[PDB]
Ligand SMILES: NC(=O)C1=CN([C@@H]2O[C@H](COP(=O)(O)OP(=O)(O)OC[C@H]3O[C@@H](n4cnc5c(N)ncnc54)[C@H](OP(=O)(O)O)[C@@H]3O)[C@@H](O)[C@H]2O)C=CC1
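We begin with a single chain expressed as structure tokens, specifically the form deposited without the ligand.
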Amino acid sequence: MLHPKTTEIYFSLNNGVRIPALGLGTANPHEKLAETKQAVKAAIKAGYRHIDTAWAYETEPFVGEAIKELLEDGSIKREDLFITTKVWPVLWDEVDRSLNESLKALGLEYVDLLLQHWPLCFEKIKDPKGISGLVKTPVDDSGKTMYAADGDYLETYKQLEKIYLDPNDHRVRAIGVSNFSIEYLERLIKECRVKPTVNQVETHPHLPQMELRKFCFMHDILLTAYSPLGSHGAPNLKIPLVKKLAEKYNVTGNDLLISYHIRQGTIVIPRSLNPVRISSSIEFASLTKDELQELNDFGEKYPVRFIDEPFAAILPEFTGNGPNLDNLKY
């Protein structure tokens, strides 16, 4: 009965646009793609006004289907919602195409936020059995990732810029990036005019990303936290400090890991397909400065990056070797 609910908190982007601090993640497994629809419906019914998706997820049509029904029955209006999608590295140089395909899949006229998914460029390998006739993450027979020979990752954002700045184009309300390092953002700020509204990265008490947080705050860029539970197994719920503070604030570990970000001014997009936990996990734990420092200390002592797939290896921040299991044995 106490407020705010995390669904009731809105942050301001650097272009003056408000974004709900809590959003639903939709990077669901291939066997569960169609379950996205009921999750989005459940989320919005419980008060979510933010849905995060992507061209690469193959969940856009199910996001679109859920929205269509809530529009039709008068549960929601388009302008009430904040919809994010992303351009995958395979279309690094075909942003316009990526956006139109995303909008068609979503059955929408515009998205609120469009991101560069990775600072990466992939080769375009034909495959009828892929996404839009292309291999999502191409490898050779070795099998190592096939990066585009002529690829410049900033070309994606430059094309994002051009759509955002075109006074005759109303397909986006904001642009941003995902998985960018300080170093890459510096190049972007140096070479580009539009300041990304967000940098969507993995962050949570096992990966506080302190230096990135400080940098982004200094440059008017909001972080969006993905995999806040630690992806598969939700290992972050097992952190003793997380359990302790959840008990103290009379909330679930889920609420605590959400609140960890919102408290620090960070947008958070937990992924779930469970309608019950989606509807229930909306409580706020307003953690003290000392509690945040305790949580952040833990992360620096036991760093774990759960999302670190082979394709990300060329990035100085990513190893490509997945998580370090040695730091989970605390």
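Residue numbers here begin at 1 and follow the sequence given.
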| query | finding |
| --- | --- |
| Between the two ranges 121 to 129 and 220 to 228, the one averaging a larger CA B factor in the entry | 121 to 129 |
| Mean C-alpha temperature factor, higher of 265 to 273 and 287 to 295 | 287 to 295 |
| Criterion, highest CA B-factor; candidates, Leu115, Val90, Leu108, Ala149 | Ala149 |
| Options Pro20, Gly16, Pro316, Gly25 - largest CA temperature factor per the record | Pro316 |
| CA B-factor placement of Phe215, once the chain's modelled residues are sorted into thirds | middle |
| Third assignment of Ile307 from its chain's C-alpha B-factors | middle |
| Ranked C-alpha temperature factor of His30 among modelled chain residues, by third | highest |
| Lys329 - which third its CA temperature factor falls in, relative to the rest of the chain | highest |
| Chain-wide C-alpha B factor ranking for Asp52, given as lowest, middle or highest third | lowest |
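Not on display, but discussed next: the form solved in complex with the ligand.
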{"property": "Site status for the ligand placed as in the bound PDB entry, C-alpha superposition, 2.4 Å backbone or C-beta test", "result": "open"}
{"property": "Interface segment, criterion being heavy atoms within 4.5 Å of the ligand in the bound PDB entry, picked from 42 to 50, 273 to 281, 290 to 298, 61 to 69", "result": "273 to 281"}
{"property": "Contact of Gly25 with the ligand in the bound PDB entry (heavy atom, 4.5 Å)", "result": "yes"}
{"property": "Contact of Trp118 with the ligand in the bound PDB entry (heavy atom, 4.5 Å)", "result": "yes"}
{"property": "Distance check, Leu222 to the ligand in the bound PDB entry, heavy atom within 4.5 Å", "result": "no"}
{"property": "Contact test in the bound PDB entry: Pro196 vs the ligand, heavy atoms, 4.5 Å", "result": "no"}
{"property": "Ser181, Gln209, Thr145, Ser178 - the one with a heavy atom within 4.5 Å of the ligand in the bound PDB entry", "result": "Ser178"}
{"property": "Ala56, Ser98 and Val111 each touching the ligand in the bound PDB entry (heavy atom, 4.5 Å)", "result": "no"}
{"property": "The ligand in the bound PDB entry - contacting residues of 183 to 213, heavy atom within 4.5 Å", "result": "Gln200"}
